[PDB]
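# Results of the structural survey
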Amino acid sequence: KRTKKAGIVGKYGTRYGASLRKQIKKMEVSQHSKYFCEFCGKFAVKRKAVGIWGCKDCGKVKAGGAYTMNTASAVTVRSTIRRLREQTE
Amino acid sequence: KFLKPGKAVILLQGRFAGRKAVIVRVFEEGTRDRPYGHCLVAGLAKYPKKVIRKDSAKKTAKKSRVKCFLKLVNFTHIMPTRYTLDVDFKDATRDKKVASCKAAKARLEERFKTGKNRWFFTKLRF
Amino acid sequence: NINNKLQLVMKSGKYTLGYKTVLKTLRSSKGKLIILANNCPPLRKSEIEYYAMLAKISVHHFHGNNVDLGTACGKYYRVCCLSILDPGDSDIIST
Amino acid sequence: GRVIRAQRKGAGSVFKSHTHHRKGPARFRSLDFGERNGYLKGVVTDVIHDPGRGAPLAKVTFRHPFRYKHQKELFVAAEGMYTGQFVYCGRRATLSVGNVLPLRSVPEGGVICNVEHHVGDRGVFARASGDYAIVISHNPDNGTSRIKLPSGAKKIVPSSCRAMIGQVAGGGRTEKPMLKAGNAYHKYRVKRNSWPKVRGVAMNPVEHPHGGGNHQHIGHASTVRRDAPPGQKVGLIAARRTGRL
Amino acid sequence: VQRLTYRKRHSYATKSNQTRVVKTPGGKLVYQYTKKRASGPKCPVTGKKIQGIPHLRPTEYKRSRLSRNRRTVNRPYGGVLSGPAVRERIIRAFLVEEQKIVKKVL
Amino acid sequence: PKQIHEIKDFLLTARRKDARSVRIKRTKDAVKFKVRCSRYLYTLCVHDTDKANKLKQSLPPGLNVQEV
Amino acid sequence: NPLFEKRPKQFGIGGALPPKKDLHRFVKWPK
RNA sequence: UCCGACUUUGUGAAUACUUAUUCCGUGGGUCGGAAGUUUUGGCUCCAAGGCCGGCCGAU
RNA sequence: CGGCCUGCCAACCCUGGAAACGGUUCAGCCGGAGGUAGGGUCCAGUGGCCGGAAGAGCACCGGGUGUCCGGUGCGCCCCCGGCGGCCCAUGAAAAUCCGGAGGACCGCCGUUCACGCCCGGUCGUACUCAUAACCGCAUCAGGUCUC
RNA sequence: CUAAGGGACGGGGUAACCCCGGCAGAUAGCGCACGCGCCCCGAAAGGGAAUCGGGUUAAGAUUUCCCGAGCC
Ligand SMILES: [K+]
Ligand SMILES: [K+]
Ligand SMILES: [K+]
Ligand SMILES: [K+]
Ligand SMILES: [K+]
Ligand SMILES: [K+]
Ligand SMILES: [K+]
Ligand SMILES: [K+]
Ligand SMILES: [Mg+2]
Ligand SMILES: [Mg+2]
Ligand SMILES: [Mg+2]
Ligand SMILES: [Mg+2]
Ligand SMILES: [Mg+2]
Ligand SMILES: [Mg+2]
Ligand SMILES: [Mg+2]
Ligand SMILES: [Mg+2]
Ligand SMILES: [Mg+2]
Ligand SMILES: [Mg+2]
Ligand SMILES: [Mg+2]
Ligand SMILES: [Mg+2]
Ligand SMILES: [Mg+2]
């Protein structure tokens, strides 16, 4: 409805090229999404600025990715740091 | 079962927030005026001050003084501790209330001089 | 096997859900067991364990989230803590 | 001719950095006895935005080691840090993301950021958003450590140098297309007077070595000696190769 | 319709030059200069408003200009921390202190 | 300016040393007694005709009295 | 007197604030 | 601007040293040798105590 | 300007314990981390009444009369409140003022209370602000920041 | 009062005029002997002690004079 494929990117009209609009689409969606708060258990985490993710209700503010709360390498880094910490013992 | 007369509590709200008190009477079910469970407590409005050997005799007598308050507190405004202070209290007007406060002050000042219950007279830091 | 036993307590026993009613049952010593979610606020968690130590009530730390609790109890809202006051035909207490 | 634009930036007149709304230098706390021998706990109070910096900064409060005072710090925030979190700095700090450790305490393969080059530098390496260094190896004889920098270069650092555990927050920032001259205008408005660049071929010969001609063309090789004087050193400087491989 | 003029030599509509229209007993309209809207006291741990204190310009809170009951709240950390913040600190102070004793025994 | 409600408090204020004059203003409803003190002008409204007269006669003899 | 008691302070890295020490050898003297 | 000589420029072993020089850090706040605090977004200062102004507590 | 009342929209408190889920905005959104409901606290106003103050001002009649009662709104201007959106943009500082933690020290001495007494320097201030008071050699169809 | 910024003690450079402010130099002092110790200029649109109504001149006062009423 209202659009067959543009979605959030229809605000850009006919400008900038179809491939660039398709490129920006995933980050426009992800940066405006609501994320799960591990501290309180609600989907209330919103981007306050690039890298800054604040929960609406519990008030926790977390440092994360530019356009998504958790980057892929952040999970990988945490697992590497956790394995190094345990094997250190 | 741990909210009984003689048990020590901490007030969490109000004018005496953060003060230590002892339970005197428990209305577990609550009266008609107060449907909720509540207790009568006797607390320290002014803690006895730090008493040290270097002090003179008159000064350490002034530092050992306490002030006592009487208050009815909702159960939800109380942090129940594991400590116990028994001084045989067994307890309306603005004259009866203040007189009863002075009696508890004499008993609590005497307990403090005994040296026991050091936690009860040593304030809380927050 | 704790999700099934908790599922049976909601079907036949008596319980209460939520912080304020968990504290009330501890004050009146009606709860037989306290269950805490793993993301329950650390100040809140400490106070409930201290209340349970004042009485003689056991506390179990639920293996999952506060979203997972409540779902285990078959409700569509989150549950931070649970208090069991009657299991009836459930062996949750003896474990 | 006249002084070219590349030369005029060193005077720093209109080319000074825009820093009026910046929150202060981001760096470790000064190295002291407690960090050198044990650990010190601070609490994260805010995660804030710094204009011109992609990565968020973390406000941390410590207790002063010997004065009855608060000690407030501000460094680059590692990804995953949050407000109300306890961070620990020092030799005996646990290997956890957000903690500040000497490199001697980080095993091989650890991901680190804001790495000191000299002991007490307060952090020199891997500070931009999404960047990190990797611990490669340890030398106990010389007391040095080998780390891998974001550019790929290996570097030898003293094992007493401090680094934070984790990678810098805000990664993925440059994958998003800017799409607009105006978005680029706002980016550089809070950084420097550099954004709208005029091509040297679009100039007159008085202003640029590339200027002039009846067609826009350089007219000589754009690769230039490393030792060329300022005003002459434009184009690709000391290039070992050109073109797209 | 009785258009108005500024009454001082400030000629620019800045936030410090905000006016209101009043009717005088002389039957005319004049400008009166108002005070900028001010936040009241705020709690540093919750960010919420501090109950019991009015929202004034900082110099209107001066002791010679404001009564003492209006300036304060009768509780520890009265005008600084809210009630929820004070309750949490009392509970945290006591519960962590008990843990220190338990660490010592164990 | 401040209002006084009970008659006796107006009596003590008119007896103050810093009180200078009393103005009596007649309205179609009541009678206003205004005593000019150092900082404030105090007004008392008397809705009764005889109470106004009793107040008039009982004023301190040292204070000036004016009819408005 | 039972009121008198010891109140020791443990001077660790993150312990009680230390008392005044000599600090003479670490003084930054005039040029 | 690169490059060489002299000067700054010293000492000792068959390359080492540190005090010149250079760089970095700190409110110059635990350096050298020996002897013998992970806790929950809370508070932490101006010593209690012991023994003769003095010493330990605080090698 | 002072006193009393009122108490928006948010925020907070106490009781209680919600699925047959409910409450709710133009939009949102909110609730076992405690909703709906019931009862309260605070907040701001350029809100109401009284004092100021009808003695003033205004309009009439020759000293006198009057200065009263309602209704309405996607109306216009200013201010405030509370939501939503946006940023690889996150949008001053300091003086100044208030509050708080602690409790060394102190008794006929403390008092941020009311009322009472005295004092308040220097310089600017007229007028124009424009198709004639400014610049454009001018009393120039130009140019010159605002309510 | 501070903003962007400007000047400037010591020190450094410079034949001198003059050019350099973070390069740290016993920082030139503050409370009650004892204790502590990390320059100025720059906004009549930024921040900011405290005023209102009515009257008055040929010419002032869009809050300065008069009347009354307040405030700092
Ligand atoms: K030239
Ligand atoms: K430009
Ligand atoms: K270009
Ligand atoms: K050319
Ligand atoms: K108040
Ligand atoms: K004038
Ligand atoms: K003209
Ligand atoms: K000004
Ligand atoms: Mg051309
Ligand atoms: Mg040329
Ligand atoms: Mg209600
Ligand atoms: Mg009136
Ligand atoms: Mg009239
Ligand atoms: Mg307009
Ligand atoms: Mg106090
Ligand atoms: Mg100044
Ligand atoms: Mg400046
Ligand atoms: Mg000089
Ligand atoms: Mg100035
Ligand atoms: Mg101004
Ligand atoms: Mg005039």
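What counts, and at which threshold
Residues numbered from 1 in each chain as written, not as in the entry; some residues may be left out. Chains lettered and ligands numbered in written order. Part of a larger assembly, values for the part shown. Heavy atoms only, no water. Residues with missing side-chain atoms left out of burial classes, pairs and counts. Buried < 20%, exposed > 50% of the residue type's maximum accessible area, 1.4 Å probe, protein only. Helix = DSSP H or I, 4+ residues; strand = E, 2+ residues; numbered from the N terminus. Pairing = 2+ DSSP bridges. Patch = residues over 30% accessible without salt bridge, like charges linked within 9 Å, V, L, I, M, F, W, Y side chains within 5 Å. Areas by Shrake-Rupley, 256 points an atom, 1.4 Å probe, with all protein chains shown as cover. Salt bridge = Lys/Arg side-chain N within 4 Å of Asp/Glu carboxyl O. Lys, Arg positive; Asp, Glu negative; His and termini not counted. Charge placed at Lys NZ, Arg CZ, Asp CG, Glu CD. Contact = heavy atoms within 4.5 Å. Near = heavy atom within 4 Å. Polar contact = N/O pair within 3.5 Å; in protein donor to acceptor, adjacent residues only side chain to side chain. Nonpolar A, V, L, I, M, F, W, Y, C, P; charged D, E, K, R; others polar. UniProt positions renumbered as here; feature names shortened; annotations may be inferred.

Its PDB record attributes the structure to cryo-EM, giving the resolution as 2.84 Å.

What follows is about the pairing of strand β2 (residues 57-63) of chain D. All names here are of chain D. With five of its seven residues buried, β2 lies for the most part within the structure. Sheet topology places strand β1 (residues 40-48) next to β2; five bridges connect them, and they run antiparallel. Residue pairing across strands places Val43 opposite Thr61, the latter belonging to β2. Inspection of the sheet shows β2 paired to strand β3 (residues 70-76) by seven bridges, in the antiparallel sense. When the sheet's bridge partners are listed, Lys59 is paired in β3 with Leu74. A loop of six residues connects β2 with β3, the two strands running antiparallel in sequence.

For the rest of this paragraph, the subject is a positive patch on the surface. Taken together, the side chains of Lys46(B), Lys49(B), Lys58(B), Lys62(B) and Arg65(B) define a basic patch exposed on the protein surface. Structurally, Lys58(B) can be placed in helix α1 (residues 57-63).

Before going further, it helps to spend a moment on the arrangement of the chains. Where seven pairs of chains are in contact, the pair with the most contacts is made of chains A and D. In this structure chain C stays clear of chain D, and the shortest span between their C-alpha atoms is 12 Å.

All right, on to the protein's contact with RNA strand I then. Near RNA strand I there are 96 residues, and of these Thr21(C), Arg9(E), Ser11(E), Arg70(E) and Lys32(F) occur at the shortest range. At the protein interface, 67% of the atoms of RNA strand I within 4 Å belong to sugar or phosphate. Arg63(E) places a side-chain nitrogen or oxygen 3.4 Å from a phosphate oxygen of RNA strand I. The backbone of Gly79(E) places a nitrogen or oxygen atom 3.3 Å from a sugar or linking oxygen of RNA strand I. Per-element accounting of the surface near RNA strand I gives the leading share, four residues, to helix α2 (residues 19-27) of chain C. Residue composition of the surface near RNA strand I, by class: 29 nonpolar, 29 polar and 38 charged.

Neighbouring RNA strand J are 32 residues; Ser16(E), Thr24(E), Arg23(F), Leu41(F) and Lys20(G) lie closest to it. Between RNA strand J and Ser16(E), the relevant distance is 2.6 Å, taken from a phosphate oxygen to a side-chain nitrogen or oxygen of the residue. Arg65(E) has a polar side-chain atom sitting 3.0 Å from a sugar or linking oxygen of RNA strand J. Considering every element that reaches the surface near RNA strand J, the biggest residue donor is strand β2 (residues 29-33) of chain E, with three residues.

The next subject is the UniProt feature "binding site: Zn(2+)" (unreviewed entry) in chain A. Residue and element names in this part refer to chain A. As annotated in UniProt, the feature "binding site: Zn(2+)" (unreviewed entry) corresponds to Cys37, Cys40, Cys55 and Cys58 in the numbering used here. Sequence-wise these annotated residues cover 22 residues; spatially they are packed, their C-alpha atoms never more than 8.8 Å apart. For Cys37, the location among the structural elements is in the loop between α1 (18-31) and β1 (45-49). Overall, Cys37 belongs to the buried group, its relative accessible area being 2%.

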